[PDB]
Amino acid sequence: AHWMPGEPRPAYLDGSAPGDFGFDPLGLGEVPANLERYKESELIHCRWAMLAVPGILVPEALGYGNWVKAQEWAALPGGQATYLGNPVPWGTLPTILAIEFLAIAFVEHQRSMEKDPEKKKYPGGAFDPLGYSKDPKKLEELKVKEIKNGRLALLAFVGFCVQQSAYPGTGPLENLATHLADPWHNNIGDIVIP
Amino acid sequence: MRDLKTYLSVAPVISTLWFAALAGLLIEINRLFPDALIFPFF
Amino acid sequence: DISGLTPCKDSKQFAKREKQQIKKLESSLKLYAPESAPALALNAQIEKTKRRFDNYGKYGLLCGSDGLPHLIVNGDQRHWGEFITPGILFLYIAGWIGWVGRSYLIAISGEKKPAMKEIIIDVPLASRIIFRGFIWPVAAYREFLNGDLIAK
Amino acid sequence: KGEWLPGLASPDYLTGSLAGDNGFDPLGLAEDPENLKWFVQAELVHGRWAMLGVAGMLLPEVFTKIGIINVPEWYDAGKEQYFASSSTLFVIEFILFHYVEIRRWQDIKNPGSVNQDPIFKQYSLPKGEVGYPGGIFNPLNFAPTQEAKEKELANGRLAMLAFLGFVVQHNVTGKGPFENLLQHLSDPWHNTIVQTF
Ligand code: CLA
Ligand SMILES: CC(/C=C/C=C(C)/C=C/[C@@]12O[C@]1(C)C[C@@H](O)CC2(C)C)=C\C=C\C=C(C)\C=C\C=C(C)\C=C\[C@@]12O[C@]1(C)C[C@@H](O)CC2(C)C
């Protein structure tokens with residue numbers, strides 16, 4: 001199950017952790033504390049990207065513009081935000097920024113107060129009302145599925161950002177439409193070589 | 001003849017023959033190709 | 001074109017300098033007899049000057065405001081032969097020399113008194129070693145990968 | 001085996017065990033065994049490519065000259081227009097060649113490790129020597145004798161020489177290779193390299 005067949009596995013990575021395939025060319029995981037912190041950061045990044053990607057896909061599928069234009073209203077002085085085509089009455093930069101700062105800071109500081117390394121990655125309890133995590137048999141499978149989907153979401157975000165950089169003011173969906181317009185003409189070729 | 005070759009193998013004599021040959025090669029190249037500021041072959 | 005420069009086949013100061021040099025030579029040419037050897041030498045000098053100016057114009061250089069060519073070491077594709085093409089060549093030759101010398105030193109490290117071989121070079125072994133530097137990049141890369149380039 | 005120069009002693013590391021060994025190493029590159037193995041694999045693959053390349057750049061010219069097909073020369077193939085842009089074809093080639101060459105490199109580094117099919121686990125390649133995979137790569141199941149290996153190596157060397165000659169003799173004279181041969185056959189004493197340029 002190694003990432004590259006015929007290549008020896010590292011010592012610290014044996015395959016016990018979910019979604020472990022012995023991939024570490026630069027040897028960044030030698031320090032166990034560093035390995036645990038890296039696991040935490042990777043899980044948080046995966047969860048955020050998983051929550052974010054549909055937030056890009058569902059808009060720009062309706063009449064609303066894209067994930068970039070929805071950000072341009074803050075540049076114009078005295079601008080006001082909109083939601084579902086309706087302008088939010090409380091849409092202005094100072095109040096929005098202050099509310100975001102307060103709420104996010106409180107939530108993150110509450111998160112950081114946990115001490116058990118295992119409880120930080122998988123809190124459990126009140127965070128899962130349905131209760132899929134009671135049975136230990138399916139927990140490993142669910143964890144592996146979550147890790148793989150999170151990595152896929154991270155790759156999706158990288159693709160979104162790079163496609164936006166290549167074509168300013170362009171969404172992923174119109175990019176897919178343009179690619180399907182002529183598969184043998186609109187590819188990565190015209191940008192990789194001028 | 002052995003010691004003649006040994007003396008001609010000493011450092012100053014070998015150095016002066018080598019430098020004379022190199023200077024002759026450079027001189028002949030500069031005479032064949034008069035002047036050049038860039039490499040136009042490619 | 002680049003950095004506010006003028007192509008050398010279009011500038012006027014280039015032609016003015018060429019005319020000045022040609023007139024300076026022709027002023028001295030008049031003194032001697034037309035059939036005499038100094039006349040032939042001065043005619044050869046004039047021909048060389050004209051050929052040099054024509055070659056400089058045809059090679060695609062860029063004169064400046066005052067009229068002299070300017071070299072571009074930037075990395076543009078239109079000036080490959082200005083700095084980059086010669087420079088690589090130099091490195092090759094330079095590497096050759098270094099490689100050869102290093103090899104010779106090792107070839108005399110085995111004996112008990114290498115100083116005698118340093119102050120009195122031997123020609124057979126040196127001639128054997130000299131031509132091994134023609135492929136110096138490959139051998140150097142293989143030695144670097146193997147790890148025998150650095151002492152331990 | 002044989003000698004590439006009578007009156008010269010062969011180097012010790014070349015013992016004639018390798019296929020196509022004539023003891024030709026005046027500059028002494030293959031002194032270390034690891035370098036010898038790497039250069040053996042290089043001389044295999046480099047040259048297995050060259051034979052196909054030489055055949056591809058030569059045979060169509062002959063066929064066009066005798067008139068069955070009208071095909072552009074090997075130089076003007078790139079200038080011609082195809083069904084798809086050159087960039088997409090280059091990208092496809094880059095990805096596929098990346099995959100196959102990484103597989104081959106992994107095999108060379110760790111022999112007998114990438115024989116198993118990643119998709120269909122049941123299929124596999126029979127064990128053999130590095131550089132001669134055999135198995136599915138040998139549908140007709142020919143005999144991999146030493147004589148066949150020597151023939152292949154000699155043909156590869158001839159292909160190297162042919163490709164270098166093709167490229168340089170087109171560089172000096174813009175005319176194609178087969179037309180160059182025909183011009184030389186028109187009058188050998190006035191159409192050699194020395195007589196013209
Ligand atoms: C024989 C080959 C040889 C080689 C491979 C090196 C290698 C090196 N030199 Mg040394 N060096 C040499 C001879 C050599 N040196 C000689 C003869 C002298 C006395 C003039 C020096 C004095 C010297 C100084 C003062 C410095 C170096 C430094 C360096 C290092 C950086 C490169 C550079 O700056 O070059 C510098 C090169 C020179 C100033 C001149 C070298 C040109 C000589 C004449 C060519 C070798 C020819 C030789 C006679 C060939 C005989 C072989 C033949 C019999 C087959 C590099 C490790 C630099 C450093 O320390 O880097 C860390 C530095 O500070 N070298
Ligand atoms: C692979 C190769 C050529 C491959 C060509 C290909 C694929 C061509 C493909 C195409 O044509 C087609 C099909 C169709 C066209 O439309 C497009 C192109 C793309 C043009 C050449 C190698 C060519 C390789 C060459 C010439 C190598 C020569 C090496 C020599 C002589 C080494 C000598 C020594 O190393 C020894 C042996 C021992 C040492 O001790 C001493 C020294 C002297 C160092």
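Residues numbered from 1 in each chain as written, not as in the entry; some residues may be left out. Chains lettered and ligands numbered in written order. Part of a larger assembly, values for the part shown. Heavy atoms only, no water.

- UniProt, in its Function section for chain D, records the words "The light-harvesting complex (LHC) functions as a light receptor, it captures and delivers excitation energy to photosystems with which it is closely associated."
- Under the UniProt heading Subunit (literature references left out), the entry covering chain D gives this text: "The LHC complex consists of chlorophyll a-b binding proteins. Red-emitting heterodimer with LHCA1." (UniProt positions renumbered as here; feature names shortened; annotations may be inferred.)

- Quoted verbatim from the Subcellular location field of the UniProt record, the comment on chain C reads "Plastid, Chloroplast thylakoid membrane".

1. A look at the site of ligand 2
Residues and elements named next belong to chain D.
- Neighbouring residues of ligand 2: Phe24, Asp25, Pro26, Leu27, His46, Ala50, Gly53, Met57, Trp74, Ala77, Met160 and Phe163.
- Here an oxygen atom of ligand 2 sits 2.7 Å away from a polar atom, N or O, in the side chain of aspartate 25.
- Between an oxygen atom of ligand 2 and a main-chain N or O atom of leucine 27, the distance comes to 3.2 Å.
- In isolation ligand 2 offers 1000 Å² of accessible surface; the protein chains occlude 55% of this area.
- Every element with two or more residues in the shell around ligand 2 is listed here: α1 (33-66) and α3 (146-172).
- Of the residues forming the shell around ligand 2, the biggest block, 4 residues, is contributed by α1.
- Tallied by class, the residues present in the shell around ligand 2 amount to 9 nonpolar, 2 polar and 1 charged. (Near = heavy atom within 4 Å. Polar contact = N/O pair within 3.5 Å; in protein donor to acceptor, adjacent residues only side chain to side chain. Areas by Shrake-Rupley, 256 points an atom, 1.4 Å probe, with all protein chains shown as cover. Helix = DSSP H or I, 4+ residues; strand = E, 2+ residues; numbered from the N terminus. Nonpolar A, V, L, I, M, F, W, Y, C, P; charged D, E, K, R; others polar.)

2. Digging into a negative patch on the surface
Residue and element names in this part refer to chain A.
- A surface patch of like charges, here negative, comprises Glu36, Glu114, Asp116 and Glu118.
- For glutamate 118, the location among the structural elements is in helix α3 (residues 117-121).
- The class of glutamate 118 is partly exposed, set by a relative accessible area of 39%. (Patch = residues over 30% accessible without salt bridge, like charges linked within 9 Å, V, L, I, M, F, W, Y side chains within 5 Å. Salt bridge = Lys/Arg side-chain N within 4 Å of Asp/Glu carboxyl O. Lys, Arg positive; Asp, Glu negative; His and termini not counted. Charge placed at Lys NZ, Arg CZ, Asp CG, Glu CD. Buried < 20%, exposed > 50% of the residue type's maximum accessible area, 1.4 Å probe, protein only.)

3. Considering the site of ligand 1
- Taken together, the neighbourhood of ligand 1 is formed by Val100, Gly101, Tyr104 and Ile121 of chain C.
- Considering only residue class, the shell around ligand 1 consists of 3 nonpolar, 1 polar and no charged.

4. A short note on the sheet that holds strand β2 (residues 62-63) of chain C
All names here are of chain C.
- If you trace the 3 strands from one edge of the open sheet to the other, you get β1-β2-β3, paired in antiparallel fashion. Edge positions in the sheet fall to β1 (6-7) and β3 (69-70), since each has one partner strand and no second.
- Bridging between β1 and β2 involves 2 bridges; their strand directions are antiparallel. Note on β2: the bridge partner recorded for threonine 6 is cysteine 63. (Pairing = 2+ DSSP bridges.)

5. Notes on the UniProt feature "binding site: chlorophyll b 4" in chain D
- UniProt's entry tags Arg104 of chain D with the feature "binding site: chlorophyll b 4", counted in the numbering of this structure.
- Within polar-contact distance, the side chain of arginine 104 of chain D engages the side chain of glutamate 101 of chain D at 2.3 Å.

6. A few points about the UniProt feature "transmembrane region" in chain C
- Taken from the UniProt record, the annotation "transmembrane region" applies to residues 80-100 of chain C.
- Taken end to end, residues 80-100 of chain C comprises 81% helix and 0% strand; its first and last C-alpha atoms sit 29 Å apart.

7. Considering the interface of chain D and chain A
- Every contact between the two is made by 11 residues of chain D and, on the other side, 10 residues of chain A.
- Buried surface at the junction of chain D and chain A, both sides included, amounts to about 810 Å², of which 67% is carbon and sulfur.
- Its largest share of buried area at the contact with chain A, chain D owes to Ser87, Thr88 and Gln106 of chain D, together 39% of the area lost on that side.
- Summed over the shared surface of chain D and chain A, the result is 0 salt bridges.
- Where chain D packs against chain A, one counts 2 residue pairs in polar contact.
- Classifying every residue of the side of chain D that touches chain A by side-chain character gives 4 nonpolar, 6 polar and 1 charged. (Contact = heavy atoms within 4.5 Å. Buried area = accessible area lost by both parts, 1.4 Å probe.)

8. Re the side chain of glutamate 60 of chain A
Residue and element names in this part refer to chain A.
- Relative to the elements of secondary structure, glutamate 60 occurs in the loop between α1 (32-57) and β1 (82-83).
- No salt bridge is formed by the buried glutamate 60. Its closest oppositely charged neighbour is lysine 69, at 13 Å.
- Excluding residues that lie within four positions of it along the chain, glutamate 60 makes contacts with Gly65, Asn66, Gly171, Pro172, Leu173 and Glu174.

9. Looking at the packing of helix α3 (residues 84-107) of chain C against helix α5 (residues 123-130) of chain C
All names here are of chain C.
- Across the interface, α3 lies against α5 with an axial gap of 9 Å and an inter-helix angle of 135 degrees. Here α3 lies oblique to α5, going by the angle between them. Taken as a pair, α3 and α5 cross one another with a handedness that is right-handed. The residues of α5 that touch α3, namely those facing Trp96, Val100, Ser103, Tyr104 and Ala107, are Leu125, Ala126, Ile129 and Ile130. (Axes fitted to C-alpha atoms, helices over the stretch in contact; angles between N-to-C directions. Parallel < 35°, antiparallel > 145°, perpendicular 65-115°, else oblique. Left-handed = near helix turned anticlockwise from the far one by under 90°.)

10. Considering α1 of chain A
- In this model, α1 of chain A (26 residues) spans 38 Å end to end at C-alpha, consistent with the 38 Å of a helix rising 1.5 Å per residue.
- For α1 of chain A, the complete set of buried residues consists of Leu35, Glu40, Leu43, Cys46, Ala49, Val53 and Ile56 of chain A. (Expected span 1.5 Å × (residues − 1).)

11. Examining the nonpolar core
- Among the nonpolar cores identified, the biggest contains 7 residues, and these are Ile38 of chain B together with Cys8, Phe14, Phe53, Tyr56, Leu61 and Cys63 of chain C.
- Beyond its immediate chain neighbours, meaning those up to four positions away, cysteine 63 of chain C contacts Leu5, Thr6, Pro7, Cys8, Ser11, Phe14, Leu68 and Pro69 of chain C. (Core = buried A, V, L, I, M, F, W, Y, C linked by side-chain atoms within 4.5 Å.)

12. Looking at a positive patch on the surface
- A contiguous patch of positive charge on the surface is contributed by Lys16, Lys19, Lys23, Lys30 and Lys50 of chain C.
- Of note, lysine 50 of chain C is situated in helix α2 (residues 37-58).

13. What to know about empty space enclosed by the protein
- Enumeration over the complete set of coordinates arrives at 3 cavities of 30 Å³ or more.
- In this model, the largest cavity occupies a volume close to 60 Å³.
- Every residue lining the largest cavity is listed: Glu43, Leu44, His46, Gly47, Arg48, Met51, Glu152, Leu153, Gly156, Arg157 and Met160 of chain D.
- Listed by contribution, the elements that provide at least two residues to the lining of the largest cavity are α1 and α3 of chain D.
- Looking at the lining of the largest cavity, the element that brings in the most residues is α1 of chain D, giving 6 residues.
- For the lining of the largest cavity, the class distribution of residues is 4 nonpolar, 3 polar and 4 charged.
- Taken as a whole, the second largest cavity encloses approximately 40 Å³ of empty space.
- For the lining of the second largest cavity, the elements supplying multiple residues, two or more each, are α4 (139-166) and α5 (172-181) of chain A. (1 Å grid on protein atoms, 1.4 Å probe; cavity = no way out; pocket = protein on both sides within 12 Å on 5 of 7 lines; lining within 4 Å. Points joined across faces, edges and corners; volume = space filled by probe spheres on them.)

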